[PDB]
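So the structure is just underneath, and the comments pick up after that.
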Amino acid sequence: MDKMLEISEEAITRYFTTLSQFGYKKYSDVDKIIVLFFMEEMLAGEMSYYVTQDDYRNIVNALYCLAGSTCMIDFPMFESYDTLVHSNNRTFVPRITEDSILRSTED
Amino acid sequence: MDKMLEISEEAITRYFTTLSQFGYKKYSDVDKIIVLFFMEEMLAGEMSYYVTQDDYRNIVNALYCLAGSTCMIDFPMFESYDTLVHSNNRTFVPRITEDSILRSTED
Amino acid sequence: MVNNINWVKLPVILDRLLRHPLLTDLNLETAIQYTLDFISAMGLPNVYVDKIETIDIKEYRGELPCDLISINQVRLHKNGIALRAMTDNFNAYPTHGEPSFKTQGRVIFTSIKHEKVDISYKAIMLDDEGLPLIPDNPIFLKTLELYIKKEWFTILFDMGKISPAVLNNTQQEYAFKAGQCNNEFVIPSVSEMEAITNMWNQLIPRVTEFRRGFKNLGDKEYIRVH
Amino acid sequence: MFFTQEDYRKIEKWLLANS
Amino acid sequence: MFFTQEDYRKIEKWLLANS
Amino acid sequence: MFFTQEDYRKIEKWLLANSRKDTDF
Amino acid sequence: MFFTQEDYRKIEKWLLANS
Amino acid sequence: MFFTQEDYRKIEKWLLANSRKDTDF
Amino acid sequence: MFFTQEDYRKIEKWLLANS
Amino acid sequence: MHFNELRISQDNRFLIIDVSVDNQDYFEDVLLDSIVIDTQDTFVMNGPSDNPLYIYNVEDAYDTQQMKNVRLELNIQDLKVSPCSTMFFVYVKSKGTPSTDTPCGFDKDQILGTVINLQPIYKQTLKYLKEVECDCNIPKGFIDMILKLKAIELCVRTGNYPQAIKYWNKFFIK
Amino acid sequence: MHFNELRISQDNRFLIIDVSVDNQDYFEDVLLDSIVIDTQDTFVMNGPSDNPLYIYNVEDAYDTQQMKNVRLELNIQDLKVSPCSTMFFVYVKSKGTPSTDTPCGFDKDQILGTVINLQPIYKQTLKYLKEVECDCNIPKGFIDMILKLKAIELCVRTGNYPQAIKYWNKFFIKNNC
Amino acid sequence: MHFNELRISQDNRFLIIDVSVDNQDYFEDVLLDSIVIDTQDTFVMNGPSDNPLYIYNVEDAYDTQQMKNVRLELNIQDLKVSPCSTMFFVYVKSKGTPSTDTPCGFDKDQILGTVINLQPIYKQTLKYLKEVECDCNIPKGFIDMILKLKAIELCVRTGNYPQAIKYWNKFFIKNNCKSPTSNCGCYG
């Protein structure tokens, strides 16, 4: 993946940063950290050969429950150039004020 | 064995170290020390000739209840290089792009 | 209870205590202890979480859940017959009937050798932190505030740092609000008064709702017309 | 990057097709 | 995945790399 | 669509299970 | 090192086999 | 596997049980 | 324990020493 | 490589896809490869999934600059999916090597564009505005819909499509 | 010596053992002797137990560098054990004297390799993840399983195999695969 | 290039190094130049430090597959460092030019590998092992040790080495172990 690595490193670094500033992190969130790094080593090991695409779907949709659960885990950002409503940059160029038998025409 | 001797020596040394710093150790823990050095005496004398492999199994599995029970008795560490998930260092060497009748083929 | 138990976190009580300049050294460490003391001293069943969890019996003994505080009932998993308190002094001891049980610690002593039993037990509603979670009923909050205030003023008065009149007033207020909270969390609702009414008015009395899980304690008792 | 079983199946089948 | 052909050529190139 | 050495290692370990040597005929 | 009875049986039997 | 002196002592002590001297025939 | 053959040979060697 | 227009037809019968390759000088060697359509059911993070909804290979249409621009109009009913409750994912590929002078990060074969039907959202907004006309109070469902739409927008523009589908299925379908 | 690959086949039908001797300039005279398979029922600390599950002698197969590499594919159903609920212990022996320049600590004739089936753990993780997908709460059993697996890993890496057997039999024995 | 065996002997004597160039047919002309051993106290962000712990030039030997595979078995007592409270950085410098057409990023002239002694860490973890058995309590020590190790692993394999030394100094620099008995032992 190469990204579960980054998320896990960030999460555990934040965990130990909190244990440096404070002396306590909720164990309900240590559970999430445990699940996260266990999954990453699961997927970056010899057990990555037993996964179908349905299993991949389920694993991703279950890991996204951990996304904004705590400050240690964040929503990952990917390189995206899309949106729900796109822009229309097409241009209009008819031919000498012509039309078809029913409608307009262009170049 | 040569390791029960070390474990017992460490255990009683820790026992008397505590009795030096403190003046009290749990007698529920002195009982475990007593069991430990009794087994050490019995297995390292003329009484070991009555030991079968089933008896050895039972003795070891009974002694490992003492392992992390107290600070005096500690989990032994043995020389091991294994794990539950071993590595795959096999290399792939294809020959003349040659598929077999059904399977692929290497050297 | 007429009202509902909407849950809020423990420092909601420290929101309210620390208004008082003489209670400014109270902490969540003290709040936890005195809140647990108040929860137990009041013994209100609506404050606990109703849970059901099945266990297996090895030989007249079974492992008990971690968070158990009290047992509503115990029954056999296959029959559904409820268990009673064990009056027997020699249960699992042989020499040379109706099932029962007994619970002391993490062990439940049943009169059955090998069976699975369903235990409906009560626990404490916890927070995302492993801490108690208190009702936000302002009667409950005010009474708990007065409990913590009364304890702290008792300490200060043993020290001689509080006038006896102040402590007397605090104890009086706490006593009245303790009675008020006890009644608030106990008096039945309208829907609970229907259950009580159905239990009360019975031409043919029903005296065997313990065998079931008190399922039919509140059902209406319909007499056919002849 | 990540592979599933089906990805390996496609890769190996495509290898064997052209061998 | 939806592998393109050129990716397959890369795979066999790197497999016959240890030829 | 770039492949790193690790991805090729996974491909190797998958393909090795399917292929055998001359001796195994 | 620790011997059980079976170890002694093995040793003695194999020695008599070689005598 | 390495044997030290006490293992050998145990082996001899076991073998002595089975054997006799010439006078014992 | 298995007592591969050279262990038996070691035992023979030791025993046969003070023989 | 980019999208010219990626829209569902106002008649709710066609899914318009009009792709083009960027005009800069060093995509001269680069062409368009294929169009793969996925829904909220068959999506996978790692590129298009198996058993996709509709695959398209662009050599089939033509018999080279014609291959740099493509336009599709898929009758949605022929795809056997609901035009109103479906979120389409449109992948495109290049099959072409750019020059060696490309600035870094610009050489990416694949893109993606999400599609939904704005007619049901328009009808919901009209209904909520009708409610607002009566007594001039804002229904809270209207604000919830607005904020959930903005949440899906943020998820799409950040690439977090799994939680995007979770919100879509949970709120704008059921 | 060392292990090349040591796993159960992905089809849950073979137990693969591939052993090789170290390539060292002082291990020419060292060969391979035998392969002994033990389970969690017959395992003993001091070397392979008696009445082992499967004894294999290498000079039978071959008719000298062939002796330095060995591979096996043992049909588990022929061994008469459950491929899901068995913890195979693979011992290997050398039958060879290394050179006199051997560094201290490398002249270990015997090795050991533990084997478990990873499918049941995989399916359990998928079940727990499916439970997580509902209401985004982590079951406590999932964390318990993770930490129990970590405990067995620590026990194996430290050589404390009997307590590893205890943990395995108590916690993970009932497995579907 | 890759690592075949990177380990410290469990007897706390030998820092075992076994490197070999990758076997693909673009990597003929690439050879091994030197092996530089560095510690946490003399680390630099880029490349080996100017004050390393040990240097070994490969070309000062037989002069081709003997170059392409190299193995070192350094005695740690000679290096005058503790095998357990020391974390080593192994730099391997290549000598040559890979043939063209290789995919980019495979032609990395330098490779780095981190080494630590896990045996004392397992000794510390065994103390909290039995907390796994007991229910009704979180095995806090077990989780803490697992996270402590995993932090170093993660920070090593991501290349975030400086924070890796920060964690190593915080956690495991006070590790204790039995020093190797210099008079060798009879066993086998």
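Convention: chains lettered A, B, ... in structure tokens order; per-chain residue numbering from 1; ligands numbered from 1 as shown.
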
With a distance cut-off of 8 Å and only C-alpha atoms, select the neighbouring residues of range 93-104 of chain C, excluding the residue or stretch itself and same-chain residues fewer than 6 positions from it, and output the selection as a PDB file with C-alpha atoms, in the first residue's frame.
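And here is the file that came out, selection07.pdb:
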```pdb
ATOM      1  CA  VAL C  74     -30.373 -16.697  36.641  1.00  0.00           C
ATOM      2  CA  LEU C  83     -33.108 -20.223  39.515  1.00  0.00           C
ATOM      3  CA  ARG C  84     -33.641 -19.429  43.192  1.00  0.00           C
ATOM      4  CA  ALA C  85     -31.283 -18.673  46.052  1.00  0.00           C
ATOM      5  CA  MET C  86     -29.494 -21.772  47.337  1.00  0.00           C
ATOM      6  CA  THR C 110     -25.172 -23.466  40.936  1.00  0.00           C
ATOM      7  CA  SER C 111     -26.727 -26.822  41.819  1.00  0.00           C
ATOM      8  CA  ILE C 112     -26.226 -28.144  38.255  1.00  0.00           C
TER       9      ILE C 112
END
```

Computed after least-squares fitting of chain D to chain I on all C-alpha atoms in order, what is the RMSD in Å?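 When all C-alpha atoms are superposed, the deviation is 0.7 Å.
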
Tell me, as a ChimeraX atom specification, which residues lie within 7 Å of residue 67 in chain L, counting only C-alpha atoms; anything in the same chain fewer than 3 positions away does not count. /L:31-32,58,64,70

Store the residues of this selection in a file with C-alpha atoms, as a PDB file, in the first residue's frame.
```pdb
ATOM      1  CA  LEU L  31      30.136  -3.999  -7.316  1.00  0.00           C
ATOM      2  CA  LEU L  32      30.597  -3.370  -3.565  1.00  0.00           C
ATOM      3  CA  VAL L  58      35.707  -4.737  -0.217  1.00  0.00           C
ATOM      4  CA  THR L  64      33.837 -11.414  -9.624  1.00  0.00           C
ATOM      5  CA  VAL L  70      30.198 -10.142   1.086  1.00  0.00           C
TER       6      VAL L  70
END
```

Chain F post-superposition (all in-order Cα pairs with chain H) as a PDB file with N, CA, C and O atoms, in the first residue's frame:
```pdb
ATOM      1  N   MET F   1      25.593 -32.375  19.438  1.00  0.00           N
ATOM      2  CA  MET F   1      24.927 -32.880  20.672  1.00  0.00           C
ATOM      3  C   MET F   1      25.997 -33.326  21.662  1.00  0.00           C
ATOM      4  O   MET F   1      26.464 -34.463  21.620  1.00  0.00           O
ATOM      5  N   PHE F   2      26.385 -32.412  22.546  1.00  0.00           N
ATOM      6  CA  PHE F   2      27.516 -32.619  23.439  1.00  0.00           C
ATOM      7  C   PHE F   2      27.072 -33.243  24.755  1.00  0.00           C
ATOM      8  O   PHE F   2      26.033 -32.879  25.313  1.00  0.00           O
ATOM      9  N   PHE F   3      27.873 -34.187  25.243  1.00  0.00           N
ATOM     10  CA  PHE F   3      27.667 -34.832  26.533  1.00  0.00           C
ATOM     11  C   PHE F   3      28.738 -34.359  27.505  1.00  0.00           C
ATOM     12  O   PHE F   3      29.916 -34.282  27.145  1.00  0.00           O
ATOM     13  N   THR F   4      28.327 -34.046  28.730  1.00  0.00           N
ATOM     14  CA  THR F   4      29.268 -33.740  29.797  1.00  0.00           C
ATOM     15  C   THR F   4      29.548 -34.993  30.622  1.00  0.00           C
ATOM     16  O   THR F   4      28.938 -36.048  30.430  1.00  0.00           O
ATOM     17  N   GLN F   5      30.496 -34.868  31.556  1.00  0.00           N
ATOM     18  CA  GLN F   5      30.847 -36.000  32.407  1.00  0.00           C
ATOM     19  C   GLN F   5      29.649 -36.467  33.224  1.00  0.00           C
ATOM     20  O   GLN F   5      29.492 -37.666  33.482  1.00  0.00           O
ATOM     21  N   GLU F   6      28.793 -35.533  33.642  1.00  0.00           N
ATOM     22  CA  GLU F   6      27.636 -35.900  34.453  1.00  0.00           C
ATOM     23  C   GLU F   6      26.681 -36.803  33.682  1.00  0.00           C
ATOM     24  O   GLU F   6      26.173 -37.788  34.231  1.00  0.00           O
ATOM     25  N   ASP F   7      26.422 -36.486  32.412  1.00  0.00           N
ATOM     26  CA  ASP F   7      25.534 -37.330  31.615  1.00  0.00           C
ATOM     27  C   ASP F   7      26.090 -38.741  31.497  1.00  0.00           C
ATOM     28  O   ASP F   7      25.355 -39.726  31.650  1.00  0.00           O
ATOM     29  N   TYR F   8      27.392 -38.858  31.242  1.00  0.00           N
ATOM     30  CA  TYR F   8      28.021 -40.170  31.227  1.00  0.00           C
ATOM     31  C   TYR F   8      27.897 -40.863  32.577  1.00  0.00           C
ATOM     32  O   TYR F   8      27.762 -42.087  32.630  1.00  0.00           O
ATOM     33  N   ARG F   9      27.936 -40.106  33.675  1.00  0.00           N
ATOM     34  CA  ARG F   9      27.739 -40.715  34.988  1.00  0.00           C
ATOM     35  C   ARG F   9      26.337 -41.303  35.109  1.00  0.00           C
ATOM     36  O   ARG F   9      26.157 -42.392  35.670  1.00  0.00           O
ATOM     37  N   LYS F  10      25.329 -40.594  34.596  1.00  0.00           N
ATOM     38  CA  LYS F  10      23.974 -41.149  34.610  1.00  0.00           C
ATOM     39  C   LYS F  10      23.900 -42.413  33.762  1.00  0.00           C
ATOM     40  O   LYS F  10      23.245 -43.392  34.147  1.00  0.00           O
ATOM     41  N   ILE F  11      24.564 -42.412  32.604  1.00  0.00           N
ATOM     42  CA  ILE F  11      24.587 -43.614  31.771  1.00  0.00           C
ATOM     43  C   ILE F  11      25.229 -44.774  32.525  1.00  0.00           C
ATOM     44  O   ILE F  11      24.727 -45.903  32.496  1.00  0.00           O
ATOM     45  N   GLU F  12      26.349 -44.518  33.204  1.00  0.00           N
ATOM     46  CA  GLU F  12      26.984 -45.560  34.006  1.00  0.00           C
ATOM     47  C   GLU F  12      26.024 -46.108  35.053  1.00  0.00           C
ATOM     48  O   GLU F  12      25.826 -47.323  35.154  1.00  0.00           O
ATOM     49  N   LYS F  13      25.410 -45.221  35.839  1.00  0.00           N
ATOM     50  CA  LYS F  13      24.548 -45.691  36.917  1.00  0.00           C
ATOM     51  C   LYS F  13      23.336 -46.447  36.386  1.00  0.00           C
ATOM     52  O   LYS F  13      22.829 -47.345  37.067  1.00  0.00           O
ATOM     53  N   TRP F  14      22.857 -46.116  35.184  1.00  0.00           N
ATOM     54  CA  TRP F  14      21.776 -46.912  34.607  1.00  0.00           C
ATOM     55  C   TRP F  14      22.282 -48.277  34.156  1.00  0.00           C
ATOM     56  O   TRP F  14      21.647 -49.304  34.420  1.00  0.00           O
ATOM     57  N   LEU F  15      23.427 -48.310  33.468  1.00  0.00           N
ATOM     58  CA  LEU F  15      23.907 -49.568  32.907  1.00  0.00           C
ATOM     59  C   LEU F  15      24.368 -50.532  33.992  1.00  0.00           C
ATOM     60  O   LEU F  15      24.266 -51.751  33.817  1.00  0.00           O
ATOM     61  N   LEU F  16      24.879 -50.012  35.109  1.00  0.00           N
ATOM     62  CA  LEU F  16      25.355 -50.883  36.179  1.00  0.00           C
ATOM     63  C   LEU F  16      24.242 -51.768  36.727  1.00  0.00           C
ATOM     64  O   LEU F  16      24.505 -52.892  37.170  1.00  0.00           O
ATOM     65  N   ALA F  17      22.997 -51.283  36.715  1.00  0.00           N
ATOM     66  CA  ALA F  17      21.887 -52.079  37.228  1.00  0.00           C
ATOM     67  C   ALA F  17      21.635 -53.313  36.373  1.00  0.00           C
ATOM     68  O   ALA F  17      21.124 -54.319  36.876  1.00  0.00           O
ATOM     69  N   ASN F  18      21.996 -53.265  35.093  1.00  0.00           N
ATOM     70  CA  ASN F  18      21.705 -54.349  34.168  1.00  0.00           C
ATOM     71  C   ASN F  18      22.819 -55.383  34.119  1.00  0.00           C
ATOM     72  O   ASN F  18      22.534 -56.561  33.877  1.00  0.00           O
ATOM     73  N   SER F  19      24.061 -54.988  34.375  1.00  0.00           N
ATOM     74  CA  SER F  19      25.205 -55.882  34.251  1.00  0.00           C
ATOM     75  C   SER F  19      25.707 -56.379  35.605  1.00  0.00           C
ATOM     76  O   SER F  19      25.550 -55.705  36.631  1.00  0.00           O
ATOM     77  N   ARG F  20      26.300 -57.584  35.600  1.00  0.00           N
ATOM     78  CA  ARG F  20      26.906 -58.183  36.790  1.00  0.00           C
ATOM     79  C   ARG F  20      28.219 -58.812  36.374  1.00  0.00           C
ATOM     80  O   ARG F  20      28.563 -58.840  35.200  1.00  0.00           O
ATOM     81  N   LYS F  21      28.943 -59.302  37.354  1.00  0.00           N
ATOM     82  CA  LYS F  21      30.319 -59.733  37.230  1.00  0.00           C
ATOM     83  C   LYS F  21      30.394 -61.220  36.890  1.00  0.00           C
ATOM     84  O   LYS F  21      29.381 -61.896  36.700  1.00  0.00           O
ATOM     85  N   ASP F  22      31.621 -61.738  36.814  1.00  0.00           N
ATOM     86  CA  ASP F  22      31.812 -63.166  36.593  1.00  0.00           C
ATOM     87  C   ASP F  22      31.253 -63.987  37.746  1.00  0.00           C
ATOM     88  O   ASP F  22      30.602 -65.016  37.529  1.00  0.00           O
ATOM     89  N   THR F  23      31.488 -63.540  38.982  1.00  0.00           N
ATOM     90  CA  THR F  23      31.080 -64.309  40.156  1.00  0.00           C
ATOM     91  C   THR F  23      29.577 -64.555  40.201  1.00  0.00           C
ATOM     92  O   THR F  23      29.140 -65.558  40.776  1.00  0.00           O
ATOM     93  N   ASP F  24      28.779 -63.671  39.597  1.00  0.00           N
ATOM     94  CA  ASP F  24      27.329 -63.759  39.689  1.00  0.00           C
ATOM     95  C   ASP F  24      26.714 -64.712  38.669  1.00  0.00           C
ATOM     96  O   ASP F  24      25.488 -64.866  38.661  1.00  0.00           O
ATOM     97  N   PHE F  25      27.513 -65.335  37.807  1.00  0.00           N
ATOM     98  CA  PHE F  25      27.006 -66.389  36.931  1.00  0.00           C
ATOM     99  C   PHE F  25      26.656 -67.629  37.745  1.00  0.00           C
ATOM    100  O   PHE F  25      27.314 -67.938  38.738  1.00  0.00           O
TER     101      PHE F  25
END
```

Hey, what's within 8 Å of residue 148 in chain K if we count only C-alpha atoms and toss same-chain stuff fewer than 3 positions away? As number ranges by chain, please? K: 144-145, 151-152, 167, 171; L: 132

Just the selected residues (N, CA, C and O atoms), exported as a short mmCIF file (atom, residue, chain, number, x, y, z; two decimals), in the first residue's frame, please.
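Writing done, so here's out17.cif:
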```
data_model
loop_
_atom_site.label_atom_id
_atom_site.label_comp_id
_atom_site.auth_asym_id
_atom_site.auth_seq_id
_atom_site.Cartn_x
_atom_site.Cartn_y
_atom_site.Cartn_z
N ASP K 144 -8.37 -8.62 22.11
CA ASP K 144 -7.90 -9.78 22.85
C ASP K 144 -7.21 -10.78 21.93
O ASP K 144 -6.14 -11.29 22.26
N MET K 145 -7.80 -11.05 20.76
CA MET K 145 -7.19 -11.99 19.83
C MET K 145 -5.84 -11.47 19.34
O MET K 145 -4.88 -12.23 19.24
N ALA K 151 1.23 -12.62 22.19
CA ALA K 151 1.79 -13.42 23.27
C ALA K 151 2.39 -14.72 22.75
O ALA K 151 3.49 -15.11 23.14
N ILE K 152 1.67 -15.40 21.85
CA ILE K 152 2.20 -16.64 21.29
C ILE K 152 3.46 -16.35 20.47
O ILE K 152 4.41 -17.14 20.48
N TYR K 167 -1.36 -21.53 25.56
CA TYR K 167 -2.14 -20.43 25.02
C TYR K 167 -2.89 -20.85 23.76
O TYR K 167 -4.07 -20.53 23.60
N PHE K 171 -6.95 -20.87 23.67
CA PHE K 171 -7.57 -19.70 23.06
C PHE K 171 -7.99 -19.95 21.62
O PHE K 171 -9.13 -19.66 21.24
N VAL L 132 -1.66 -10.98 29.67
CA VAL L 132 -2.56 -11.38 28.60
C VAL L 132 -3.59 -12.38 29.11
O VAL L 132 -4.75 -12.38 28.68
#
```

CA of residue 117 in chain L to CA of residue 166 in chain L, straight-line distance in Å: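 Distance reported for this atom pair: 16.9 Å.
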
Go ahead and align chain A to chain B (same sequence, so just pair every C-alpha in order, least squares) and export the moved chain as a tab-separated table (two decimals) with C-alpha atoms, in the first residue's frame.
```tsv
chain	number	residue	atom	x	y	z
A	1	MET	CA	19.12	-29.83	32.88
A	2	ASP	CA	21.65	-27.15	33.94
A	3	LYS	CA	18.85	-24.52	33.69
A	4	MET	CA	16.74	-25.44	36.72
A	5	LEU	CA	20.00	-24.74	38.53
A	6	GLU	CA	20.16	-21.19	37.15
A	7	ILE	CA	16.48	-20.49	37.83
A	8	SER	CA	16.73	-21.79	41.40
A	9	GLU	CA	19.89	-19.80	42.13
A	10	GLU	CA	18.29	-16.65	40.71
A	11	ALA	CA	15.07	-17.21	42.66
A	12	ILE	CA	16.67	-17.75	46.06
A	13	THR	CA	19.16	-14.92	45.50
A	14	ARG	CA	16.23	-12.61	44.76
A	15	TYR	CA	14.45	-13.94	47.85
A	16	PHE	CA	17.34	-13.06	50.12
A	17	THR	CA	17.84	-9.73	48.33
A	18	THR	CA	14.23	-8.86	49.18
A	19	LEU	CA	14.78	-9.98	52.77
A	20	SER	CA	17.79	-7.64	52.78
A	21	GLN	CA	15.90	-4.63	51.41
A	22	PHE	CA	12.58	-5.39	53.09
A	23	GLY	CA	11.97	-7.78	55.98
A	24	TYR	CA	9.10	-9.72	54.45
A	25	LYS	CA	8.29	-11.91	51.46
A	26	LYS	CA	4.87	-13.42	50.85
A	27	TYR	CA	4.84	-17.01	52.05
A	28	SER	CA	2.56	-17.75	49.09
A	29	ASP	CA	5.73	-17.12	47.05
A	30	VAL	CA	8.05	-18.91	49.46
A	31	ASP	CA	5.83	-21.88	48.62
A	32	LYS	CA	6.70	-21.43	44.94
A	33	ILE	CA	10.41	-21.19	45.76
A	34	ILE	CA	10.13	-24.37	47.84
A	35	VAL	CA	8.39	-26.22	45.01
A	36	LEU	CA	10.96	-24.98	42.50
A	37	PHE	CA	14.11	-26.03	44.31
A	38	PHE	CA	12.50	-29.27	45.49
A	39	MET	CA	11.78	-30.12	41.85
A	40	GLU	CA	15.31	-29.25	40.76
A	41	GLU	CA	16.90	-31.49	43.39
A	42	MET	CA	14.32	-34.14	42.46
A	43	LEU	CA	15.45	-34.00	38.82
A	44	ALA	CA	19.20	-33.70	39.56
A	45	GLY	CA	19.35	-36.62	42.00
A	46	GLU	CA	18.82	-40.37	42.20
A	47	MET	CA	15.08	-39.96	41.47
A	48	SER	CA	15.62	-38.84	37.86
A	49	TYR	CA	15.52	-42.50	36.77
A	50	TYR	CA	11.76	-42.90	37.44
A	51	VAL	CA	10.60	-40.32	34.86
A	52	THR	CA	9.03	-41.13	31.50
A	53	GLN	CA	8.58	-38.59	28.72
A	54	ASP	CA	4.94	-38.14	29.72
A	55	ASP	CA	6.15	-37.39	33.24
A	56	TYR	CA	8.62	-34.92	31.73
A	57	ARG	CA	5.77	-33.24	29.84
A	58	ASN	CA	3.68	-32.99	33.00
A	59	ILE	CA	6.58	-31.68	35.10
A	60	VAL	CA	7.46	-28.97	32.57
A	61	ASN	CA	3.83	-27.93	32.07
A	62	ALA	CA	3.38	-27.72	35.85
A	63	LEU	CA	6.60	-25.77	36.40
A	64	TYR	CA	5.53	-23.23	33.78
A	65	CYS	CA	2.74	-22.24	36.17
A	66	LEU	CA	5.52	-20.83	38.37
A	67	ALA	CA	7.13	-18.86	35.52
A	68	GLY	CA	5.61	-15.39	35.90
A	69	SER	CA	3.90	-16.09	39.21
A	70	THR	CA	6.31	-13.90	41.20
A	71	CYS	CA	9.29	-11.68	40.45
A	72	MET	CA	11.69	-14.28	41.88
A	73	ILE	CA	10.84	-16.74	39.09
A	74	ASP	CA	11.03	-15.49	35.50
A	75	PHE	CA	10.18	-16.87	32.09
A	76	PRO	CA	13.35	-18.63	30.88
A	77	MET	CA	14.80	-17.50	27.55
A	78	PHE	CA	16.14	-20.10	25.12
A	79	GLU	CA	18.08	-19.65	21.88
A	80	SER	CA	15.31	-19.62	19.26
A	81	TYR	CA	15.28	-18.62	15.58
A	82	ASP	CA	11.63	-19.46	14.79
A	83	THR	CA	8.31	-17.62	14.63
A	84	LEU	CA	4.67	-18.32	13.83
A	85	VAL	CA	5.01	-16.84	10.31
A	86	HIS	CA	8.28	-17.44	8.47
A	87	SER	CA	9.92	-15.50	5.64
A	88	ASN	CA	9.99	-16.80	2.05
A	89	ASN	CA	13.44	-16.18	0.55
A	90	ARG	CA	13.06	-18.58	-2.39
A	91	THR	CA	13.88	-17.09	-5.80
A	92	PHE	CA	12.21	-17.44	-9.21
A	93	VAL	CA	14.24	-18.46	-12.28
A	94	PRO	CA	12.33	-19.74	-15.35
A	95	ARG	CA	13.97	-21.37	-18.39
A	96	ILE	CA	13.91	-19.22	-21.57
A	97	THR	CA	10.23	-18.23	-21.17
A	98	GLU	CA	9.09	-21.89	-21.12
A	99	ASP	CA	6.21	-23.70	-19.43
A	100	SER	CA	5.10	-27.27	-18.81
A	101	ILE	CA	1.90	-28.74	-20.24
A	102	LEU	CA	-0.04	-26.90	-17.49
A	103	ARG	CA	2.25	-24.56	-15.52
A	104	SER	CA	5.52	-22.65	-15.24
A	105	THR	CA	9.02	-24.08	-14.74
A	106	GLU	CA	12.44	-23.08	-13.39
A	107	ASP	CA	16.12	-24.10	-13.43
```

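Interatomic distance, CA of residue 7 in chain I to CA of residue 31 in chain K: 16.4 Å.
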
Shell around residue 14 in chain L at 10 Å using only C-alpha atoms, local window under 5 positions removed, as a ChimeraX atom specification: /K:103-105 /L:7-9,72-77,83,180
